[PDB]
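Working notes, structure below.
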Ligand SMILES: *c1ccc([N+](=O)[O-])c2nonc12
Ligand SMILES: *c1ccc([N+](=O)[O-])c2nonc12
């Protein structure tokens, strides 16, 4: 029975969730709604269950449809899950925040030094591991996709070229069937 | 072998972690440091493992020392863990943000209408369940402690009295041995 996502497709918070759904091979429809006790978007129906908060929706999607093949949270492995969480929280508290000003400015219209300084660190991390959480893809890696997608529409895309391990890491992420499927979806309704 | 927490005791981000440690009965020292690749506080050493980001540190503490008796994340139970995450994310994105202005203003020196509106919802939630994540305490409940602790030092403490289920829920939280032990610790060094 298909699970349902409500919100705009191109929305960073929706794409986080459509991505997780694609990654685990779930069946799902996306409904765009107009104008759940804060009245929040995205929302997500799994039959009787209603969820809001795209982190909780995603971690739910990744738990419901976990296989040995597709295990992107890694809760079975203590140190692994810790690193998934650490870099999830770095995406949320440091990375995403550096990109937003530049996406807002530089698509609908300072923070570039913070990101250079953040990229030095991601570059170090990614020189010692395939992926952020260690030598395996995880939610941490997937979390970076929405905000970074839009960053590469801007004329500051080329900055990743001073951070080769970050370029290669990103390219690798762009290469994934799921990631591509969603990237297509991130458009206004015409 | 004791795990180690670095940071100021009275810090909201440190207390989140000392609380989780107390709740699970772990052995731990707290070191206050001066002036981990963003150089972040709090930090946490488990022998060879170093963690930063207090959400990841806490979720780690709660996983390492999970018992059948003390299971505050509930990853074994799909819907349960979803609700733990949902209300964790509500504390982070809505609740905590309503309190900070009032703690900053009204201890070192508008947002009161947002919180009234947030409290209406918590009151509803808490009228239908013992605790936020359903009829069992969890990380979600514990997450609220630091920022709310300081809110009740202010002259707006009495506002919880218009939200009885939220008053009773809070009182219940204040009653816990762990919660009290930490509350004692949340003082400057004299
Ligand atoms: C994006 C990038 C650069 C500049 N610029 O003037 O250097 C811009 N101005 O408006 N958007 C952008
Ligand atoms: C806290 C609470 C109220 C007021 N007030 O003037 O109404 C304050 N002024 O500075 N701190 C507070």
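Positions of Cβ are generated from backbone atoms using ideal geometry, with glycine treated the same way; all protein chains shown enter the neighbour counts. Just so you know, all these numbers are worked out from the coordinates, no wet-lab data involved.
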If you average the C-alpha positions of the range B:84-137 and of the range A:111-190 separately, how far apart do those two centres end up, in angstrom? 33
Return the inverse of the average 1/r over all pairs of distinct C-alpha atoms in the range A:15-118, which is the Kirkwood hydrodynamic radius, in Å to one decimal. 16.2
Inter-copy label distances at residue B:117 (7 Å, Cα→Cβ; nm, one decimal): 3.4
Scan chain B for the residue whose Cβ is closest to the axis carrying it onto chain A, then write down that distance in whole angstrom. B:75, 3
For the protein assembly as shown, what is one quarter of the convex hull surface built on the Cα atoms, given in nm²? 20.9
Would you mind classifying chain B by shape? Square roots of the alpha carbon gyration tensor eigenvalues, ordered a ≥ b ≥ c; an a/c under 1.5 is rounded, otherwise it is prolate if a/b is larger than b/c and oblate if not. oblate
Note the distances from residue B:10 to each other copy's matching label point, with points 7 Å along the Cα-to-beta-carbon direction, in nm, sorted shortest first. 4.9
I'd like the mean, over residues of A:74-80, of how many other protein chain beta carbons sit within 10 Å of each residue's own Cβ. 3
Could you give the nm distance between label points at residue A:66 and residue A:168, where each point is 7 Å from its Cα heading toward the beta carbon? 3.1
Step by step: find N for the range A:78-178, compute 2.2 N^0.38 Å, then divide the Cα radius of gyration by it. What's the final number? 1.03
Per residue and in Å³, how big is the convex hull formed by the alpha-carbon atoms of the range A:1-76? 98
Given 37 °C, 0.692 mPa s and a Kirkwood radius over Cα pairs, the Stokes-Einstein diffusion coefficient of the range A:71-131 in µm²/s is 248
Across peptide B:90-99, what mean number of C-beta atoms from other chains lies inside 10 Å of a residue's C-beta? 2
Using a label position 7 Å from Cα in the Cα→Cβ direction, what is the ascending list of nm distances from residue B:171 to the same site in the other copies? 6.4
Just tell me how shielded A:151-160 is by partners: mean number of partner chain Cβ atoms within 10 Å of each residue's Cβ, no decimals. 0
So what's the back-of-envelope 222 nm ellipticity for the protein assembly as shown, counting only DSSP H runs of four-plus at -39500 (n - 2.57) apiece and dividing by all residues, rounded to 500? -15000 deg cm²/dmol
P(r) of the range A:1-44 over all Cα-Cα pairs, 10 Å bins starting at 0, rounded to whole percent, reads 28, 58, 14, 0
